[PDB]
Structures are given as C-alpha cells and as structure tokens.
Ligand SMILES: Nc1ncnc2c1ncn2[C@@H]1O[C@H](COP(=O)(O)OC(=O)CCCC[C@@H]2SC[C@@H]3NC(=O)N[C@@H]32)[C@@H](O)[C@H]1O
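In the form deposited without this ligand, a lone chain appears below as structure tokens.
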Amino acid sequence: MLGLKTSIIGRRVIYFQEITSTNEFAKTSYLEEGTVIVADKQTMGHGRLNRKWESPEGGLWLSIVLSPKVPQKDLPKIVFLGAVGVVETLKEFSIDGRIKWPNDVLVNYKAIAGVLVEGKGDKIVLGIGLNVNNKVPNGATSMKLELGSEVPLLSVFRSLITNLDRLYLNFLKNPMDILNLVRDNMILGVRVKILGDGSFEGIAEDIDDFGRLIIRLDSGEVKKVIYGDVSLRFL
C-alpha cells in the first residue's frame, strides 16, 4: 500500500509501533537485502560510541539490511551513504545539513541526525536516526524546529528511502563516488579535537580515499583518523 518504486532499498518494510532497537532486530533476523526496519519509537536505541540516543515518537528511526558484494575495504563507506542520504533529504525540505565526520548530520552546528552502521558478515545494517517532529535534547535540533512546523513523517521516509536506494545502486558500481559527495557536504577547514588516549588538536582538512579524516596539527604533523570521538574546537 506504500507504492515504493525503489529498486533494492524498500522492497520490503517492517514497521513497529514500538521496538527495543531497529538495528538489533535487523541484526538478529534473517531479512532480504533492502529490507527496511522502522519504528515509531525505540526503547533501547543508541548511536556509535554506544551513546544512548533518545528515540521518542515523532522521529524517523530506521535500519536497512544491506549485503554489498564489494571489497572488504569499501564497507566503511556505508556510513557515508546514510549521511549523504539524510543531507539530500534535508535539502528537499529546504534544510541545509552538513556532515560532522564520520556519521553525524548537523544544521547550524546542531545535531539533527545520526548514522550507526553495524556489520555482521552475512549482512551490513545501516541505522539512521533523524529528528523530525520529536522533542530533542538541548543543543540538538529537528526538522520541526528548523522549519517552524510539523513535517509528515511518511513524506520524510519516502524521500530518504528514495535517495538511499539511488545512492546505494550507484555505490555498487562506482564505490568511490560517495567520497566526493561526502567531501562537498562535510564540515572542513575547522579546528577539532580527537578525544581519548593520545588526544590531539588540529584542522580537519579533508577525508582521504579510505574516508579517514585528515587532521593537520599545529606542528605540521599529519594524522589520519579511522574512528573515534571528535569535537569542534571553535563551535
């Protein structure tokens, strides 16, 4: 009854009024490639770094089962597929989202969406959390807060799934293309701090061919970050 015309992503959609986590269900259930898991609310949702991500009613909480027969090295680009997809959708609703490496989407520096990718050997789970009409944590934002009015969740869903299906299909053939899209929509040229042991500061210059964040320290040293906790030093 949804009438989705996508090729792979969206051939099947499993909707829940409530669920612990769309990513968990997607990981533990055998599901055809392209199956989308979506729920009105998550009771135990979380983003990367195991950070508890509130998933109240009004938001778009979904996971997508993928099985991209591509080199084990391109798997890390799946996150970017989700982030670029969100950005393209936000644009369609006249909202300018920018990517905070590696998986966050911000608007005027406020978090509006997060992407959580989890591999499992037999498949890859692309999780996306987007603040639409739900109440958000202080410092965060939503499509509702940005546009000053409630947005039809299904309209956002339709838009996102369509963009992701398109991005995914091209990715299966031209895997490197996504990196350029990411660069054009990522927050760069700003000072950032990588947290944890061996913490350091520098300018986030770009992402390389593997998607690593290239940081230029004040000493001139160049470091390539694969993953971690990032903080904008002047925002």
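One rule holds for the numbers: they count along the sequence shown, beginning at 1. Rigid core here is just the name for the largest C-alpha set that superposes within 1.5 Å across the two forms. Shifts are known only where both forms have a C-alpha.
Omitted from view is the form deposited with this ligand bound, to which the following refers.
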Heavy atom within 4.5 Å of this ligand in the bound PDB entry - residue from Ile124, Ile95, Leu153, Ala111: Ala111
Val190, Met44, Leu172, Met176 - the one with a heavy atom within 4.5 Å of this ligand in the bound PDB entry: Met44
Partner-facing stretch of 164-172, 182-190, 44-52, 196-204, counted where any non-hydrogen atom is within 4.5 angstroms of this ligand in the bound PDB entry: 44-52
4.5 angstroms heavy atom contact with this ligand in the bound PDB entry for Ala140: yes
Partner contact for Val86 in the bound PDB entry: this ligand, 4.5 angstroms, heavy atom: no
This ligand contact at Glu146 in the bound PDB entry, heavy atom, 4.5 Å: no
4.5 Å heavy atom contact, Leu81 to this ligand in the bound PDB entry: no
Within 4.5 Å of this ligand in the bound PDB entry: residues from 121-136 (heavy atom criterion): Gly127, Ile128, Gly129, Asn131
Core-superposed comparison between this form and the one not shown: the option from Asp122, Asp96, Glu92, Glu150 whose CA moves 2 angstroms or more: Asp122
Cα displacement of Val230 between this form and the one not shown reaching 2 Å, rigid core superposed: yes
Outcome for the Cα pair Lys27, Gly228 in the bound PDB entry, compared with this form (closer or farther; change of 3 Å or more): closer
Cα distance between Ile187 and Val230, which in the bound PDB entry differs by 3 Å or more from this form, closer or farther: farther
Once both forms are overlaid on the core, stretches between this form and the one not shown of 3 or more residues with C-alpha shifts of 2 Å or more: 120-122, 196-198, 228-235
